[PDB]
Amino acid sequence: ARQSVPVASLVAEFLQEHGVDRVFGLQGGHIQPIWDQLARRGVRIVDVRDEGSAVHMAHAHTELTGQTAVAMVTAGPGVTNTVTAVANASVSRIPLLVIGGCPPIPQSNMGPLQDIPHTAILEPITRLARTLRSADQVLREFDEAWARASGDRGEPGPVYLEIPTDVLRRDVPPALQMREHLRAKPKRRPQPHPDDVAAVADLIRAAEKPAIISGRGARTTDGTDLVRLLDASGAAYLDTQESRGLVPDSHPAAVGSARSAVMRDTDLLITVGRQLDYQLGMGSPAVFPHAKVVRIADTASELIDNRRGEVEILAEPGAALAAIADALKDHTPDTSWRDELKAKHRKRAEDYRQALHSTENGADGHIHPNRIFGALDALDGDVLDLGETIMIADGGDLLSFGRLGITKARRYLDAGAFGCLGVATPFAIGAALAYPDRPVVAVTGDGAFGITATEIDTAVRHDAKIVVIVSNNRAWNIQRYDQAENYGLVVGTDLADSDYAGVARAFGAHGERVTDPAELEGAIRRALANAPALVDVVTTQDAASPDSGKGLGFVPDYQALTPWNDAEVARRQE
Amino acid sequence: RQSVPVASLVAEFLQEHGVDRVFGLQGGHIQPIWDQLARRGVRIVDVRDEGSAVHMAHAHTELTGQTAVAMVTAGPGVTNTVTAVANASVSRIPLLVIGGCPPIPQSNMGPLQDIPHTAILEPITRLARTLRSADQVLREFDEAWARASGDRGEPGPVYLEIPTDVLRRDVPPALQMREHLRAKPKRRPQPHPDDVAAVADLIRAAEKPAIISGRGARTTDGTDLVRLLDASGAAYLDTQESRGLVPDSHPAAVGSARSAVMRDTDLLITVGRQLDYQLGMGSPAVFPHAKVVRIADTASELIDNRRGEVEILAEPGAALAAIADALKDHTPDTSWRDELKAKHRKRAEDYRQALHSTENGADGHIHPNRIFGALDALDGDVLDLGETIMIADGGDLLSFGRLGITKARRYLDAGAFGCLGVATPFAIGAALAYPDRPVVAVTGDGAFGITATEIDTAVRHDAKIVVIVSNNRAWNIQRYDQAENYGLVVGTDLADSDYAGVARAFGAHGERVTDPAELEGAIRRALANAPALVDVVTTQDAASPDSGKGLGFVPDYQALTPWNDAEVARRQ
Amino acid sequence: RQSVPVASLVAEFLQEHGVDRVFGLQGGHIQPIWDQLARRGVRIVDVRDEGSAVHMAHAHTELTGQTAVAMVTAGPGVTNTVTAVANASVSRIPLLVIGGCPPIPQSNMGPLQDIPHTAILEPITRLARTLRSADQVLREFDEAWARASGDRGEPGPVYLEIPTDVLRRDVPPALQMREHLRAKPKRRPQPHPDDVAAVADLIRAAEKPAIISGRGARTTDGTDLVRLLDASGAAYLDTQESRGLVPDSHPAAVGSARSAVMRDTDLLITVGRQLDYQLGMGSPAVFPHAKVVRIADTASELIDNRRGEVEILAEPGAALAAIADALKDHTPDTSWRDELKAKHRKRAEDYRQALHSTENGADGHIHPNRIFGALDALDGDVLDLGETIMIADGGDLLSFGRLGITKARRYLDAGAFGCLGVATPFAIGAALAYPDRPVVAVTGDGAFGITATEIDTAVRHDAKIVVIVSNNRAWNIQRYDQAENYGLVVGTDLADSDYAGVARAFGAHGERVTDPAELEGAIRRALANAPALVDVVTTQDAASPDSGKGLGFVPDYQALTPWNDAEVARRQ
Ligand SMILES: CC(C)(O)C(=O)SCCNC(=O)CCNC(=O)[C@H](O)C(C)(C)COP(=O)(O)OP(=O)(O)OC[C@H]1O[C@@H](n2cnc3c(N)ncnc32)[C@H](O)[C@@H]1OP(=O)(O)O
Ligand SMILES: CC(C)(O)C(=O)SCCNC(=O)CCNC(=O)[C@H](O)C(C)(C)COP(=O)(O)OP(=O)(O)OC[C@H]1O[C@@H](n2cnc3c(N)ncnc32)[C@H](O)[C@@H]1OP(=O)(O)O
Ligand SMILES: CC(C)(O)C(=O)SCCNC(=O)CCNC(=O)[C@H](O)C(C)(C)COP(=O)(O)OP(=O)(O)OC[C@H]1O[C@@H](n2cnc3c(N)ncnc32)[C@H](O)[C@@H]1OP(=O)(O)O
Ligand SMILES: Cc1ncc(Cc2csc(CCOP(=O)(O)OP(=O)(O)O)c2C)c(N)n1
Ligand SMILES: Cc1ncc(Cc2csc(CCOP(=O)(O)OP(=O)(O)O)c2C)c(N)n1
Ligand SMILES: Cc1ncc(Cc2csc(CCOP(=O)(O)OP(=O)(O)O)c2C)c(N)n1
Ligand SMILES: [Mg+2]
Ligand SMILES: [Mg+2]
Ligand SMILES: [Mg+2]
Ligand SMILES: [Mg+2]
Ligand SMILES: [Mg+2]
C-alpha cells in the first residue's frame, strides 16, 4: 500500500526498481534530496572529482554490463561539466540517464543560482532532455526517458532529466504512483522477416568473398549466433574498437591483421550493428570497391548511414544471425579466400606480437610504447589472465599502438568514434566497480591522462582496482609529429617530464616510474599486486603509430585517412 | 594584399584586433590557424583541458578589457569548453572561442567529431556559427567580435568554427577589407540630460541613497563613481564582480553593513549590476524601503526583476559624471551613511584582526580564516596586496574569502554561476596579463581537483601564481548541509591528499602546512618561488556565512533562508 | 550515368522513389527542381498557399501509404508550411518538404529570405537540413526519406533545403549511386513468439477485452484485426485516424458505446494508437478496470502515458495474426461485447434515422445534422458512400461529423492537432489520388475561410471535390462557450457570407441552401458538377457532443470535463 512521499523518494525508488545499484555523480544542493534517498535505499553513491568523469563511468558500466547506468549532477556547472561525456555516449549510442539539478520554478528566468538552459545545451546530443514540472508525472517521465535511452522513438543513447528543487520536495499521492512506471522493463526483441533472411542467405551463397564487420549492436550479443553465421557462411570477420571479444582469436574467420585486404576484396560486406562512419571509410565504393552491401541491426542508425543494403534487417541481431545461419543449413561455403587470409594473418599477428617484447628504444633513448603491450603479453598466465581482463586505451599515438598491441582482453574500451581523450581513468573505475574480481588495465597517453588524472583519487576512495599505464612521451605526440613533418614548426604540442607516479601517490594510489624497458614486467606485476596503481613509463617521441603514418592529424577533405582520401579523389574523376 | 588561405587571414584578423596571446589545446582541425598564429608571433598558451583555456581568456578580458581568444579542436575540444563558456555568458564577458570542425564534403556522414557544436553553444553564446564561405570569414570574425562586446545582444562569448577544407581555401586580395581587419573602439552611448536630471531629483529627495556596483561599473576606473558618491552622500556596496573601485577609507564604503544598507535604503542605484540572486532578485522583501534607479551600458543590467523609476542606458562613467554635475549645489544628508560607516569601522577592523588568531577547529586543524590572516600580515612585507590580483574558489573557502580578501588590486571568483575550478586557470590568465607581481588564488580542495593539472600549464609557461588550498578533506559546505539537515553524510568526503606533491609532480614549488603559525613562512616561500602551491590542512569544524544562511538548501524563492523567509512574508 | 546538376538528380530521386506528383508554389529558389520535375513528367499541383500543398501531401500519404512531397520557396514559402508540418508531425505522417534557400556565399548577409528554416522546423520534423555538398545530395535525400518512415525516430515529416548555387552544381556520374536513387520497401519487424503468447494468455484471462485502433492499424487492410476480434471476442473502437477497418455489422463494432467500453474493459489493447487526450491519456480515471497491452511498429504508440503488461514492437498486421493464431482452441466469452452490440444497434440506428428529420434551431436555420441525413439518403442513389472519401473540419460541425459520417471508404479530419482549414486541401489531395469518385468534405465556415482560395486549385487541376459548408455565421463551438460560461460573446461572430459565390468566383459550381428539404437536391447537383460547393445556412442553436463536454474550457488534466472530473477524484 503506497503512501504519499516526495518526488525525490519516488525517483530513488524508480532507479532501484529499474535495477540501478550504483549512481555516479558529484553532490550539490539541487540534487541532495535525491542523493539522500539513494543512500537511504542502499544504492551505492560513486562520488567523483569532475562530473564529466561520472558520465564516463556510467558509459563504461552500460557498455560492459548492458544495464543502463545513471549519473547525477547539480545545476549549472555540474550539468555543463557532463557535455563532453554525454556527446561521447551519444556518438557511441550508449543508453544512460543523466539527472541534473535545476532552480525552483518560482525563480525561472530571474537569475537564480545556476539558471542556464541545460535542456537546450543537451537537446542536440541526447535522445531526450526535459525539465519535469509536474510532481505527479515525474515517475511516468522517468520511465519513458529510460525507454528512449534504449532507443524507443530514436536510437540508443543518453537522456537528460532535471527536476526543479521545489518539485523534488513536493508530495505525490499514492494513487498516482503506478507500478507499471516503477518496474524494470525487458529490452525489445523485434524479429527478422523470413523473406529478408532468405534474401541474405541467397547473397551469401552467390558471394565468393563474403566479409562480416561487427559493431556496437553485435557486442550486445554473446557472439555465439555470430559464430554460427561465420561457420555457415565461410565469411571473413573484422571487428571494430566497439565490438572486440565476440569471436575466438583462433576462429578460421578471425583475420584482424588483414583489415585492408578484407575491405579491398570482399564482394559482400555484411555490417552487424555497425555504422559505416569514418572508421570504415564511410562504406565508400573507394574503400570497398567490390562489395555488395547487407546491413543487420536493431536500429536504423546502423542500417541507412552512407550505404544502403541490398537487404536491411531491422531486428535483434542475435535472432537475425541465427535465422540466416539456419537458412544456410545445407550450404557448403567456399572458404578459400577466408583461409588464405587466415594463413597470412596467423604469421603477421604472431610476428607482430613477438616483436612487442624486444622493440628498440627511440633515438631519444626512451622506451617504445609497444614494449608496454609486450610486457602485458609476457605477464599473461603468470600474474594476470588477459582473457579475463578489461583493457582500456586512450591518447593519440598510444591509442593507435594499443589497437594492435591489445589482442587478448575479455573486453576493450577506448576514446570511441568521438576520439574522446581522458576516458581511460573514469572507464577503468566504472569497469573495476562493475567487475571487482580482476584488475582492469588502462593504457593512456600523457596528454589524455592530464584531462582526468585527479580521478585517481576516486579510484582510491572507492577501492577500484585499476592499473593505469602512462606512455609519458612529454608531448601530444601524434600532433607534435604532424606539426614537425608537415609544417616544419612544432609549437604548443610539447608537455613536460611530469611525475605521474608522484601524482598517483599524492592521491594515495601506488605509483612507480619506469625508464628501463627491462623493468616494465616487474613494474606492471607490482602495480597489479597493489591496485589502484599507476606505472609512469618514460616513452620515446621517435615512434609513429599507424594512425600517424596515415594522415589522421591532417583531416583530409573526404576521408579521415590519406590512403582512403586518395582513393576517394580517384573515385570523383571517373 | 595577396591571395592567402583563410587560416592566414584569421591569424591576421586576431593580431590586428589586438590579440597578442591565444589560449587553447592543439588538434588537427585548428592546426592551420595554430601554425599561422605562431608564425605571426602571437603567443600560444597551450593548456591541459580546453575548459581552462576559456577560463584564462575570461580572466584576461575581465581584468584588461581586451577581448580574449580560446582555440580548440572539433568534438571533445569544443564540448570541453561548455562550462567555461556558460560561466563567461553568465558573467557577460566578451570572448571568442574558435573551434575546429569537419570538412564540408563529410557533413552528417559520421566524420571524426561531427557533433552539432553550434546547437550545443547557441543557448549560452551571443553567436555560434559555422563559416562555409572563404571570402566572408573575415567579415564574420569582425561581426562576431562586435557581438562579443554586446552589439545586437549583450556582452559575452561568441563561437566560430571553420570546416578544415574552408580553412585551406585561398581568399582573393580584393575581398580582404581593411575595415574588417582593423581594431575597433568600444561604443560610448551617452545619457539623455532629462534622465540625468530626473535621477539627481530622486537623490535630492532621498534620505538614505545607496549605490550597488557590478560588472559595468568595473569597466570604469572608479573616479566618476567616487564623484557621484561624494555629490550624493550615498552608502556604497560592491559585489564580487566590482571590487576595488572605491578606497576602503571612503566615507561611503560600508562593506560589512550589506544587510543594513539593503534593509534601509530609500533609493537603490544599480551601476552596471544585475538584481539577480546575489542581490535578493532586487525584491521589495530584501529592499523594503527602496525606490530603484538603474544605470548601465546594457539593458541586461536595466530590466531584470526590478525596473527603474529612471533607467539610463549609457557608458556608466559618463552617466555617473553627468549626475554628479547635476548635483551641483546639493548639500547631501550623510547622517545614515556616517552611522553605518562608524559601525563598519568596528565590525570590519575586529573581523580582520581576528583572522591572525582564529582557533583550530575541534578536529585540531587550521581554520581557513588563518590563510587570510597570514596574507594580511605579509602585506607591505613581501607583497603589496594593493597591487595583487586575488582569486577565490570553493564552497566554505569562497564564502570565507569574500570577507578575508579586503585589499586586492582586482578580485576574481567562481562568479554568479558558482563555477568551481576557475582558481588555477584564472590565476594563470591573470599572471600572464600582469607579469610583474605574483597572483594569489585561494581555493577549496574540491574545486582544485577539477583544474589541478593546470599547475603544469603554470610551470611550462612560467605564470607566477601562488595557489593556497584549504584542504579540509571534503566538499565541506555540502558535507555540513548533509550532517546538519539530513543526519546523513554520504559522497561529500574527500581524502587527505598531498596537493603540495601534485604541484611538485608538475615542477611547481610545493609545501604542506598543518600548524597555523607556519602559514606566513610558507606563503613567503611560495611567493619567492612562484609558480607555487601551499597545501593547508584545514578544519571541517568551520561554517562560512554562506553555510549559516542555507545557500546549500536551495529555498523556493531566494538563494538564502533569511531572504526566502522575507519573500514568504511578502507573498502573504 | 553522366555528370548532371543536383536539380536533375533530385527530380530523378523523387520519380524513382515512386513520386508521380509534387504539391507546391513556385519560387526562384526551387525553379531549378520545378523545371526538372516537369521535364520528367512528374505532375506539378501548384496551390494558392504553400500550407495547403503540405496538407495535400499529408492526405496523399495517409490514404495511399506512398510518401508525398511538397516543394516551396525560401523565406515565406517555407514559413507558410509550419502549421501543415506540425499537423503531419502530430499525426505521424511520412512526407518530404523541399525548401529553397539562399546561395552559400551570401549566408548571414541578409540575402533575400535568409531565415533559419531548419531551426524553425527542427522541433516538428524527423530531420531538417541544409544540403551544402552537391555529391552527397542524393544520399541525404534517401536517408531523409527513410527517416520520414520512422527510421532513427518515428513516422513524420522531413525538411531538406538546397542553396541555389548547390542546386546548379554538377555531380560526377561515379557519385550517383543506384542504391540511393531506387525505391525501398517498408520495414516489417516481426513479433517475438513469447510476447504473442503472453498477450494471448491476457486475452484468455479477460472477461471484457477491448481493442482500440489508430494510425498503425490503418496502415493494414483490417483483415488481421478482424481475425483477432473473432478469436478474442473483444469489443472494437476506432479513432478518427483509423476508420473503415472493421465492417459496421461486425459483432465487435460498438461505435456508439465509447464510454461504456472505456469504463468497463478489463483489457485495453491499443493497435498503432497513442493514449493521448483523445483516449483520456489512457488514465486509470478513464479506464478504471483495464490491464493494458500495446501493439505498434513504433514506440510512439507503446510508451506514451501507459505501459503494456506486454508491448509488441512489430508490423501490426503480423502481430494481430500471430495473436489470433495463438488463440487457437480458445472459446471467447462474448456476453459483454454482445450486450454492448445490442444497445449500439438501437442507439446508432435511432441516431442515423433522426439525421433526416432534425428540426431547425430557434433562429429558424438548418441543423447541421441534416447535411449527414442528406448524404445518408443519397447513398446507393447518386453516390456509394462505401467507396467515398469523407473529410470533416470545424468545431461543432467536426463533432457532429464524427457521429454523422458512418459509411466512408476513408475518413480524414482536423486530426489530434485540431488543425482547422484541412478540409479543402485534404479533399484536393484525396480527389487527385482517387480520381474515379467525388470526395466529400464537410466544413465549418470558420475553418473554411483559412483555405477557401484553394477552391481555385481544385478547379485549375480538376479535382472532383464537393465542399459542404455549415454556414452558422460563427466560430460557433467557441461562441457557445463564451455565451454559456462568461455571459459575454465577443470576437467569435462571423457574417452571412456567400461561400457559394466565393466558389463560383473561382470557377467552381456553387449553390446556397436555406431550406433543409433542398439539401438532397443541392448535394446531387454538386456531385454531378464537381468541383462544387454547397453553402448551407445553419443554426447557432445546436450543441455538438464536444460542446456539451467542455472541449472549449481546457480543463487542468483532461481535454473533456467528465474525464477531468474522474481525474480529480482519482487524484484524491
Ligand atoms: C584529428 C585529431 C588528431 O586532432 C584527432 O582528434 S584524432 C582523435 C584520437 N584518435 C582516434 O580516436 C583514432 C581515430 N582513428 C581510428 O579509429 C582509425 O584510424 C581508423 C578506424 C580510421 C582506421 O583503423 P584501421 O582500420 O586501420 O584499424 P587498426 O586496428 O588501427 O589497424 C591498423 C593496421 O594494423 C593491422 N593490424 C591490426 N591488428 C594487427 C595485429 N595483431 N598484428 C599486426 N597487424 C595488425 C591492420 O590490418 C591495419 O593494417 P592494414 O591491413 O591497413 O595494412
Ligand atoms: C547550491 C550549491 C551549494 O550546490 C552551489 O552550487 S553554491 C555555488 C558556490 N558558491 C557561490 O557561488 C556563492 C553563491 N552565493 C553568494 O554569492 C552569496 O551568498 C550572496 C551574494 C548570495 C550573498 O552574499 P552577501 O550579500 O551576504 O555578501 P558577503 O560578501 O558574503 O557578506 C556576508 C556577510 O559578511 C559581512 N561582511 C562583509 N565584509 C565584511 C568584513 N570585512 N568584516 C565583517 N563582516 C563583513 C556582510 O555585511 C554580510 O553580513 P550582513 O550584513 O548580512 O550581516
Ligand atoms: C526570388 C523570388 C522571385 O522567388 C522572390 O521571392 S522575390 C520576393 C518579392 N519581391 C520583392 O520583395 C522585391 C525584392 N527586390 C527589391 O526590393 C529590389 O529589387 C531591390 C531593393 C533589390 C532593388 O531596388 P532598386 O534599388 O532598383 O529600387 P527601385 O525603387 O525598384 O528602383 C528601380 C529603378 O527605377 C528608378 N526609379 C525610382 N523611382 C522612379 C521614378 N519616380 N521615376 C522614374 N524612375 C524611377 C530607380 O532609380 C531605379 O533605376 P536605376 O537608377 O537603377 O536605373
Ligand atoms: C579533448 C581533446 N582535445 C584534443 C584532441 C585532439 C587530439 C587527438 S590525439 C592528440 C594527442 C594525444 O596525446 P597523448 O599524449 O594522449 O598521446 P601520444 O600521441 O601517445 O603522445 C590530440 C591533442 C582530442 N581528440 N580530444
Ligand atoms: C562543478 C560544480 N559541481 C558542484 C557544485 C556544487 C558545490 C558548491 S560548493 C561545493 C563544495 C566545494 O568544496 P570545496 O572543497 O571546494 O570547498 P569547502 O566548502 O571549503 O570544503 C559544491 C560541491 C558546483 N558549484 N560546481
Ligand atoms: C487555426 C485554429 N485557430 C483556432 C482554433 C480554435 C478552434 C477550435 S473549434 C473553433 C471554431 C471553429 O468554427 P467553425 O465555424 O469551423 O465551426 P462551428 O463550431 O461548426 O461554427 C475554433 C476557433 C483552432 N483549432 N485552429
Ligand atoms: Mg570538463
Ligand atoms: Mg535530441
Ligand atoms: Mg603523449
Ligand atoms: Mg573542501
Ligand atoms: Mg461556424
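Both ligands and their constituent atoms are indexed starting at 1 by order of listing. Reckoned from all heavy atoms, side chains included, excluding hydrogens, waters and symmetry mates. Letters A, B, ... mirror the listed sequences (proteins, then strands); counts begin at 1.
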Test your reading of the model: is there a side-chain donor-acceptor pair from [X] to the backbone of [Y], 3.5 Å cut-off?
{"X": "A:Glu162", "Y": "A:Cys102", "answer": "no"}
{"X": "B:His29", "Y": "B:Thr73", "answer": "no"}
{"X": "B:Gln478", "Y": "A:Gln27", "answer": "no"}
{"X": "A:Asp394", "Y": "A:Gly422", "answer": "yes"}
{"X": "A:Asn370", "Y": "A:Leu356", "answer": "no"}
{"X": "A:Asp457", "Y": "A:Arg49", "answer": "no"}

Looking only at protein heavy atoms, which one is nearest to [atom], and how far off is it?
{"atom": "atom 23 (C) of ligand 5", "answer": "A:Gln27 O, 3.3 Å"}
{"atom": "atom 11 (C) of ligand 5", "answer": "B:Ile477 CG2, 3.7 Å"}
{"atom": "atom 3 (C) of ligand 1", "answer": "A:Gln479 OE1, 3.0 Å"}
{"atom": "atom 31 (O) of ligand 1", "answer": "A:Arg403 NH2, 2.9 Å"}
{"atom": "atom 35 (O) of ligand 1", "answer": "A:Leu404 CD2, 3.5 Å"}
{"atom": "atom 7 (S) of ligand 1", "answer": "A:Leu552 CD2, 3.7 Å"}
{"atom": "atom 50 (O) of ligand 1", "answer": "A:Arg348 NH2, 3.5 Å"}
{"atom": "atom 10 (C) of ligand 5", "answer": "B:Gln478 CG, 3.7 Å"}
{"atom": "atom 7 (C) of ligand 5", "answer": "B:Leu420 CD1, 3.9 Å"}
{"atom": "atom 38 (C) of ligand 1", "answer": "A:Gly256 O, 3.2 Å"}
{"atom": "atom 5 (C) of ligand 5", "answer": "A:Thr74 CG2, 3.6 Å"}
{"atom": "atom 12 (O) of ligand 1", "answer": "A:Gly419 CA, 3.4 Å"}
{"atom": "atom 45 (N) of ligand 1", "answer": "A:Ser257 CB, 3.7 Å"}

Report yes if some N/O of [X] lies less than 3.5 Å from some N/O of ligand 5; otherwise report no.
{"X": "B:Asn476", "result": "yes"}
{"X": "B:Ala447", "result": "yes"}
{"X": "B:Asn472", "result": "yes"}
{"X": "B:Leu397", "result": "yes"}
{"X": "B:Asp396", "result": "yes"}
{"X": "A:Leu26", "result": "no"}
{"X": "B:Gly395", "result": "yes"}
{"X": "B:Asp445", "result": "yes"}

Looking at [Y] and [X], is any side-chain nitrogen of the basic one under 4.0 Å from a carboxylate oxygen of the acidic one?
{"X": "A:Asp547", "Y": "A:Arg403", "value": "yes"}
{"X": "B:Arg473", "Y": "B:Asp363", "value": "yes"}
{"X": "A:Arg461", "Y": "B:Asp493", "value": "no"}
{"X": "A:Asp377", "Y": "A:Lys408", "value": "yes"}

Just distances here: any N/O of A:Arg259 and N/O of ligand 1 closer than 3.5 Å? yes
In terms of atom number and element, which parts of ligand 1 are under 4.0 angstrom from non-hydrogen atoms of [X]?
{"X": "B:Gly27", "result": "4 (O)"}
{"X": "B:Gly28", "result": "4 (O)"}
{"X": "A:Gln241", "result": "16 (C), 17 (O), 21 (C)"}
{"X": "A:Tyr352", "result": "43 (N), 44 (C)"}
{"X": "B:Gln113", "result": "6 (O)"}

Which heavy atom in A:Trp564 sits nearest to a heavy atom in A:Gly281, and how many Å separate them? CZ3-N, 3.5 Å
Indicate, as side chain, backbone, both or neither, the part of [X] found under 4.0 angstrom from ligand 1 when only non-hydrogen atoms are considered.
{"X": "A:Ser260", "result": "both"}
{"X": "A:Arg353", "result": "neither"}
{"X": "A:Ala258", "result": "backbone"}

Looking at ligand 5, is there an atom of it that comes within less than 4.0 Å of some heavy atom belonging to [X]?
{"X": "A:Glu51", "result": "yes"}
{"X": "A:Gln114", "result": "yes"}
{"X": "B:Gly418", "result": "yes"}

If only side-chain N and O atoms count, and only distance matters, is there a donor-acceptor pair under 3.5 Å linking [Y] with [X]?
{"X": "A:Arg274", "Y": "A:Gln279", "result": "yes"}
{"X": "A:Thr82", "Y": "A:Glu51", "result": "no"}
{"X": "A:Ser284", "Y": "A:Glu568", "result": "yes"}
{"X": "A:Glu455", "Y": "A:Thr458", "result": "yes"}
{"X": "A:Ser214", "Y": "A:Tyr237", "result": "yes"}
{"X": "B:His365", "Y": "B:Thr538", "result": "no"}
{"X": "A:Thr84", "Y": "B:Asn80", "result": "yes"}
{"X": "A:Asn306", "Y": "A:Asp277", "result": "no"}

Quick one: look at B:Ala474 and ligand 5, take heavy-atom pairs under 4.0 Å, and tell me if it's side chain, backbone, both or neither.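 Backbone only; the side chain of B:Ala474 stays clear of ligand 5.
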Taking non-hydrogen atoms only, is A:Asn81 closer than 4.0 angstrom to ligand 5 via side chain, backbone, both or neither?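 Side chain only; the backbone of A:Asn81 stays clear of ligand 5.
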Among A:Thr562, A:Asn565, A:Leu561, whose side-chain contact (heavy atoms from CB on, under 4.5 Å) with A:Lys550 holds? A:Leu561
Judged by non-hydrogen atoms, does A:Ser400 sit under 4.0 Å from ligand 1?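 It does not; every heavy atom stays at 4.0 Å or beyond.
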Shortest heavy-atom approach to atom 19 (O) of ligand 1 - which of B:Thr164, A:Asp547, B:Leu25, A:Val287: A:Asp547
Set out, in order, the CA-CA distance, both residues' side-chain angles and the distance that settles ring-ring contact (aromatic ring centres under 6.0 Å, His included) for A:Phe24 and A:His56, then state yes or no. CA-CA 9 Å; A:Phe24 304 95; A:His56 287 327; over 10 Å; no
